[PDB]
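So the structure is just underneath, and the comments pick up after that.
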Amino acid sequence: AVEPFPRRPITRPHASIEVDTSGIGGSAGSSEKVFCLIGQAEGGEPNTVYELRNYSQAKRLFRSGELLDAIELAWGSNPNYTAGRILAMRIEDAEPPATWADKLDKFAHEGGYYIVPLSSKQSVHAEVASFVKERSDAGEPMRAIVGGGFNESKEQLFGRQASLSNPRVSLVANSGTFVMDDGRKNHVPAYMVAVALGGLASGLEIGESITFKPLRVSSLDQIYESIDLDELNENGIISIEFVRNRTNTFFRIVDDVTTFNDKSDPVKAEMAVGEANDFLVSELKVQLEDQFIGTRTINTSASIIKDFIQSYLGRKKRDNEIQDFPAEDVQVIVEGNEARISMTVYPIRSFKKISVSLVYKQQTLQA
Amino acid sequence: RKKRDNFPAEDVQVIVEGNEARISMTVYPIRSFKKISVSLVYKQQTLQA
Amino acid sequence: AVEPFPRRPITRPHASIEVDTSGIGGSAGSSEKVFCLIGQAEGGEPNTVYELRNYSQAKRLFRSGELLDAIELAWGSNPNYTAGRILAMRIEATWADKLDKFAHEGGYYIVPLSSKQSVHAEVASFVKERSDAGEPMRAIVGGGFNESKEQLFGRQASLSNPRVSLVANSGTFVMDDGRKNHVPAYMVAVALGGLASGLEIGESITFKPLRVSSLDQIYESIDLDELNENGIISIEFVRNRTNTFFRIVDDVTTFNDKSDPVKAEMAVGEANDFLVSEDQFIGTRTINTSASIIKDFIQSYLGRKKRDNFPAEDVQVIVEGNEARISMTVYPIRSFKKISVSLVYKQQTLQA
Amino acid sequence: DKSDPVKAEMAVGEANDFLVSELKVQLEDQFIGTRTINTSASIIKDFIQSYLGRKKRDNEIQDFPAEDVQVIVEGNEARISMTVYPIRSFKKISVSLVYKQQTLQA
Numbered sequence: 002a003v004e005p006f007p008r009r010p011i012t013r014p015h016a017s018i019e020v021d022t023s024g025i026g027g028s029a030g031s032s033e034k035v036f037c038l039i040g041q042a043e044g045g046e047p048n049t050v051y052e053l054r055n056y057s058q059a060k061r062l063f064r065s066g067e068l069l070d071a072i073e074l075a076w077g078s079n080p081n082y083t084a085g086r087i088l089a090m091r092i093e094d095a315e316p317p318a319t320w321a322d323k324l325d326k327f328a329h330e331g332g333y334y335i336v337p338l339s340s341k342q343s344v345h346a347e348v349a350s351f352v353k354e355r356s357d358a359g360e361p362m363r364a365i366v367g368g369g370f371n372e373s374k375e376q377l378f379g380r381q382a383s384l385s386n387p388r389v390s391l392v393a394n395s396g397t398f399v400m401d402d403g404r405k406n407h408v409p410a411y412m413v414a415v416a417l418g419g420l421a422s423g424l425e426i427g428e429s430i431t432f433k434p435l436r437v438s439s440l441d442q443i444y445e446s447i448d449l450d451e452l453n454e455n456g457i458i459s460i461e462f463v464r465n466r467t468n469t470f471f472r473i474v475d476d477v478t479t480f481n482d483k484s485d486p487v488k489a490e491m492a493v494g495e496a497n498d499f500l501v502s503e504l505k506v507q508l509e510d511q512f513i514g515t516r517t518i519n520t521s522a523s524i525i526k527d528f529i530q531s532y533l534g535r536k537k538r539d540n541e542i543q544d545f546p547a548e549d550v551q552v553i554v555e556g557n558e559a560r561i562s563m564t565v566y567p568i569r570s571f572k573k574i575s576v577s578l579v580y581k582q583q584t585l586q587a
Numbered sequence: 535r536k537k538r539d540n545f546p547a548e549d550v551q552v553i554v555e556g557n558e559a560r561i562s563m564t565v566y567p568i569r570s571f572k573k574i575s576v577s578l579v580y581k582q583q584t585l586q587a
Numbered sequence: 002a003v004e005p006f007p008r009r010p011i012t013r014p015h016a017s018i019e020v021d022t023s024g025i026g027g028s029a030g031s032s033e034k035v036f037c038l039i040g041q042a043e044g045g046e047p048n049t050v051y052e053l054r055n056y057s058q059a060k061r062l063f064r065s066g067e068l069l070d071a072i073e074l075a076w077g078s079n080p081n082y083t084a085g086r087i088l089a090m091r092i093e318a319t320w321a322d323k324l325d326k327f328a329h330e331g332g333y334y335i336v337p338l339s340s341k342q343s344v345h346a347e348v349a350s351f352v353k354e355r356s357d358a359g360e361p362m363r364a365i366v367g368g369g370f371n372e373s374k375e376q377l378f379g380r381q382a383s384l385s386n387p388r389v390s391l392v393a394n395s396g397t398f399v400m401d402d403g404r405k406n407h408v409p410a411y412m413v414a415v416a417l418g419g420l421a422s423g424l425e426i427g428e429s430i431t432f433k434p435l436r437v438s439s440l441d442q443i444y445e446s447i448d449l450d451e452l453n454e455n456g457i458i459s460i461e462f463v464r465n466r467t468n469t470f471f472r473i474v475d476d477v478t479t480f481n482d483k484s485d486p487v488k489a490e491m492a493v494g495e496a497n498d499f500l501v502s503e510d511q512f513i514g515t516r517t518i519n520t521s522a523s524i525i526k527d528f529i530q531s532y533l534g535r536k537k538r539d540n545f546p547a548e549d550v551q552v553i554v555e556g557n558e559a560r561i562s563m564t565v566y567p568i569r570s571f572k573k574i575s576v577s578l579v580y581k582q583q584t585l586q587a
Numbered sequence: 482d483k484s485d486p487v488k489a490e491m492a493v494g495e496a497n498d499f500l501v502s503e504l505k506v507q508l509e510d511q512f513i514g515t516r517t518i519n520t521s522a523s524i525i526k527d528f529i530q531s532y533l534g535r536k537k538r539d540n541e542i543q544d545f546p547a548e549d550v551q552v553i554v555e556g557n558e559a560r561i562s563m564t565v566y567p568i569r570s571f572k573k574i575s576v577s578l579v580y581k582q583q584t585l586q587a
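Protein chains in written order, with the entry's author numbering: chain I, 2 to 95, 315 to 587; chain B, 535 to 540, 545 to 587; chain B', 2 to 93, 318 to 503, 510 to 540, 545 to 587; chain O, 482 to 587. A prime marks a further copy of an entry chain.
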């Protein structure tokens with residue numbers, strides 16, 4: 002803005018100052034991913050959302066229940082990365317709830333992106349799928365991560381992935397044994413592994429894949445063979461590989477394939493680039509809206525909007541949230557009611573194939 | 535000549555009537571944006587080293 | 002399609018983003034040439050098509066039978082090539322009702338593990354019924370343990386079809402258990418089908434080696450020519466070297482015709498089954520036209536394009556009923572069957 | 482078949498096997514799942530040249546022409562090309578020995 006000093010005008014001879022702050026006013030940084038959990042628990046009032054920052058704070062707001070273990074796994078499984086905020090909600094009817321759709325809505329305008337329901341029921345999975353679709357269509361992009369029960373055959377997994385083929389749901393096959401800060405080792409259903417994967421994905425930078433990131437678990441109940449893992453990957457089911465040929469044995473997340481059945485478009489198939497797309501569109505929308513709508517269509521606006529877009533995309537390039545963009549494709553056309561804007565973006569892709577061609581050749585040494 | 539020192547032929551209208559000629563220019567006032575339309579195209583690029 | 006963001010339309014003042022994803026879509030490439038087998042086994046659930054990915058899985062599902070020996074040969078003839086997927090089905318008589326099950330399993334070569342000519346005719350009929358549909362297929366078949374040339378000719382004539390090949394020879398394969406397994410010629414056909422599945426799209430099995438220990442019959446050059454000209458595949462014992470080996474003479478087909486490569490030679494038929502095929512200005516821009524000026528215009532256009540990036548003798552134009560069809564010739568990649576060397580002895584004056 | 486040394490000779494097949502195995506395992510753990518940053522092709526080229534430098538140091542290859550190391554990154558994948566001169570044991574020596582006269586004067 003620009004402001005007069007004094008604010009009240011003066012008629013008689015005087016000096017007055019007009020001051021412009023746009024050059025020092027800040028700007029919104031890169032948005033933050035926040036992780037959402039819905040859980041059976043003991044503790045605080047049900048059906049309200051708590052922002053949580055510390056395990057101690059969580060262990061005061063909640064006690065002795067699977068939600069608190071889920072929060073523990075969510076922070077503990079990503080040691081290398083900054084521990085983000087978590088949004089958590091106990092659920093009980095004011315007895316077991318018949319439906320969660322009535323409660324999921326209380327997340328709707330929270331600043332939250334990844335959802336995990338702490339239950340195995342396919343109906344709950346469908347409910348959260350519908351909710352994530354709803355909010356995305358409303359313009360609040362979200363994703364869900366989903367998992368089975370304690371132990372499931374490939375047949376059951378394929379059945380579930382049939383029941384939910386969706387670009388905003390991911391299914392986690394493996395269930396395993398974790399080790400807890402309480403000095404406890406517990407067998408858990410696969411959705412707790414999905415909690416771990418959501419913690420890692422929400423910790424990672426925007427547009428960074430969970431594929432081939434390590435996972436920390438005491439054991440897995442199902443150790444899938446190479447053909448088994450290829451089968452599940454073809455079906456768009458996330459699987460955990462036990463690395464055995466290395467001297468050190470550890471568990472990899474094999475891939476970040478969504479449950480969606482068509483692999484031809486990566487923006488729908490792969491979580492990372494879909495997330496990058498979601499954040500890029502959301503930030504473009506909200507920033508252009510608050511920047512320009514209602515402003516006067518002064519003759520130079522065709523410059524100013526191009527300069528704004530080029531600045532924004534330069535900032536996106538700086539953070540490695542896009543690969544590159546052509547500056548000259550940023551083009552603006554102004555008509556009396558409307559700004560019409562064109563841009564090209566090169567998005568950032570994770571490496572998923574490396575092909576080495578090795579040519580043996582002779583050289584004649586001589587002396 | 536004036537705009538060289540300092545208008546589109548498509549934007550001036552002339553009517554002559556009764557020894558009088560009315561010359562009417564179009565002019566463009568300053569409005570305010572109500573709509574922004576962004577077309578976002580994802581290309582891809584070969585890097586090489 | 003172009004995606005609107007938000008998905009919901011809005012009329013109050015707002016921004017909307019339209020996303021063109023179409024510049025990134027992929028996976029548009031071909032299928033691999035999955036291989037198909039039908040025959041006897043123990044253990045497997047009959048008339049169920051199983052995908053198989055390694056021999057251990059095969060021995061886990063199928064056991065103790067000729068289908069597993071076939072799967073062994075199918076990956077043993079081509080050790081220096083990719084060991085791709087195989088589709089296999091235990092069959093516990319009509320075979321069409323079983324062959325129907327392969328109809329929507331995406332595999333290109335099939336071999337029945339039987340020498341019975343009724344079976345071969347059924348398989349040829351199935352290959353026809355599939356390939357005249359949107360999903361091309363081929364089959365390979367063989368005789369028994371020893372059949373005469375006149376029997377092989379009679380069989381080929383009865384089974385004369387542009388998508389079936391007959392292999393004449395039979396022999397012995399060393400199995401990975403060390404067994405000297407004597408096998409009928411249709412297992413050699415399995416071995417050739419495995420090789421052909423392993424080779425690239427429009428590579429050819431002619432002059433590829435066969436890793437076989439011995440052959441029941443060795444054909445001299447005149448007999449190899451006789452079988453080749455009749456469209457029967459035969460295996461040569463290469464004797465001209467201390468490093469003797471067995472060589473697939475040719476990829477001929479039981480339909481033999483000099484006038485069309487695509488039906489005579491299996492590899493070019495496969496290329497045609499897998500090849501891929503690849510601007511308008513409208514007469515209102517001109518008062519009248521003819522095929523002559525259409526040809527000269529399109530020649531000037533493609534001359535400009537080929538300068539930036545076609546022979547006038549190689550474009551045909553027909554105009555009919557307000558429509559002009561412009562037909563280019565194009566040249567596909569074949570494979571050499573003949574090399575002709577003219578060697579001229581000159582002599583030279585040296586001087587010093 | 483003596484024609485191919487990678488088949489005929491144990492030492493060459495061994496060197497090949499360890500070369501391709503350590504390439505696969507290290508490119509896997511170094512780069513798979515990493516973002517295609519605009520510099521990624523240069524980083525991979527440096528990594529490959531480092532690896533082959535080590536293999537040369539240890540006398541596990543004869544040499545590599547470092548100019549032939551080429552990397553192309555295109556969307557979801559990298560294609561890498563390299564030339565390697567393999568290490569080989571001597572298995573023949575031929576000496577051609579020519580007698581010549583010399584005139585000595587004093």
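No residue lacks a Cβ here, since even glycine has one placed at the ideal position from N, Cα and C.
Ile92 (chain B') carries a coil assignment under DSSP once its states are collapsed to helix, strand and coil. Judged by their CB atoms, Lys34 (chain B') and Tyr333 (chain B') are nearer to each other than the 7 Å cut-off.
For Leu578 (chain B), the C-beta contacts it makes with chain B' under 8 Å involve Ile18, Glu19, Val20 and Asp21, in order along the chain. Exclusion of the five residues before and after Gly331 (chain I) leaves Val35 as the residues of its chain whose Cβ lies within less than 6 Å of its Cβ.
Residue range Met491 to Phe512 is occupied by the alpha helix (DSSP H) that includes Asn497 (chain I), with no beta strand (DSSP E) assigned at that position.
When only Cα atoms are considered, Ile335 (chain I) and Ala559 (chain I) end up about 36 Å apart. With respect to chain I, the C-beta atom of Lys581 (chain B) has a partner C-beta closer than 7 Å. No Cβ of chain O is located within less than 7 Å of the beta carbon of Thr564 (chain I).
CA-to-CA, the gap between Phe471 (chain I) and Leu435 (chain I) works out to about 5 Å. Bounds of the beta strand (DSSP E) holding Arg560 (chain O) are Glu558 to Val565.
Annotation for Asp539 (chain I): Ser31 place their beta carbon closer than 7 Å to its own, counting only its chain and skipping 5 residues before and after.
Within the model, the alpha-carbon separation for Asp357 (chain B') versus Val501 (chain B') is close to 18 Å. Beyond the five residues adjoining it in sequence on each side, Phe512 (chain I) comes within less than 7 Å, by CB distance, of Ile525 and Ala559 in the same chain, given in chain order.
With 16 or more other Cβ atoms inside 10 Å of its own Cβ, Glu73 (chain B') counts as buried.
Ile574 (chain B) reaches chain B' at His15, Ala16 and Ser17, counting residues in chain order whose Cβ is nearer than 8 Å. With 16 or more neighbouring CB atoms inside 10 Å of its own CB, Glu495 (chain B') falls in the buried class.
Using a C-beta cut-off of 8 Å, the segment 378-396 of chain I makes contact with the segment 452-459 of chain I, since at least three inter-stretch Cβ pairs fall below that distance.
For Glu555 (chain O), the C-beta contacts it makes with chain B under 7 Å involve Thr584, in order along the chain. For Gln551 (chain O), the uninterrupted beta strand (DSSP E) segment begins and ends at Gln551 to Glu555. Bounds of the alpha helix (DSSP H) holding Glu347 (chain I) are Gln342 to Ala358. Interface with chain O (7 Å Cβ-Cβ cutoff): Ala587 (chain B) is included. Short of 6 Å from the beta carbon of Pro387 (chain I), and not among the five residues preceding or following it, lie these beta carbons of its own chain, in chain order: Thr478, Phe480 and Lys488. Along the segment 430-442 of chain I, none of the residues has a CB nearer than 8 Å to a CB of chain B'. For the 7 Å CB-CB criterion, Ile447 (chain I) and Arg64 (chain B') do not form a contact. Listed along chain O, the residues sitting closer than 8 Å to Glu428 (chain I) by beta-carbon distance are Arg516. Inter-residue distance for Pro486 (chain I) and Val493 (chain I) is about 7 Å (C-alpha atoms, whole angstroms). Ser343 (chain B') and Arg380 (chain B') have their C-alpha atoms roughly 11 Å apart. Bounds of the beta strand (DSSP E) holding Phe470 (chain B') are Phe470 to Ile473. Within chain B, the residues placing a beta-carbon under 8 Å from that of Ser521 (chain O) are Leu585, ordered along the chain.
Remark: C-beta atoms of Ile561 (chain O) and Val579 (chain I) do not approach each other more closely than 7 Å. At least 7 Å separates the CB of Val550 (chain O) from every CB of chain B. Listed in chain order, the positions of the segment 28-56 of chain B' with a beta carbon within less than 8 Å of a beta carbon of chain I are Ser28, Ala29, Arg54 and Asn55.
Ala559 (chain O) has a beta carbon lying within less than 7 Å of a beta carbon in chain I.
In the DSSP annotation of this structure, the continuous segment of the beta strand (DSSP E) that includes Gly40 (chain I) starts and ends at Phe36 to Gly40. One Cα belongs to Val348 (chain I), the other to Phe571 (chain I), and the distance between them is close to 30 Å. Interface with chain B' (7 Å Cβ-Cβ cutoff): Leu324 (chain I) is excluded.
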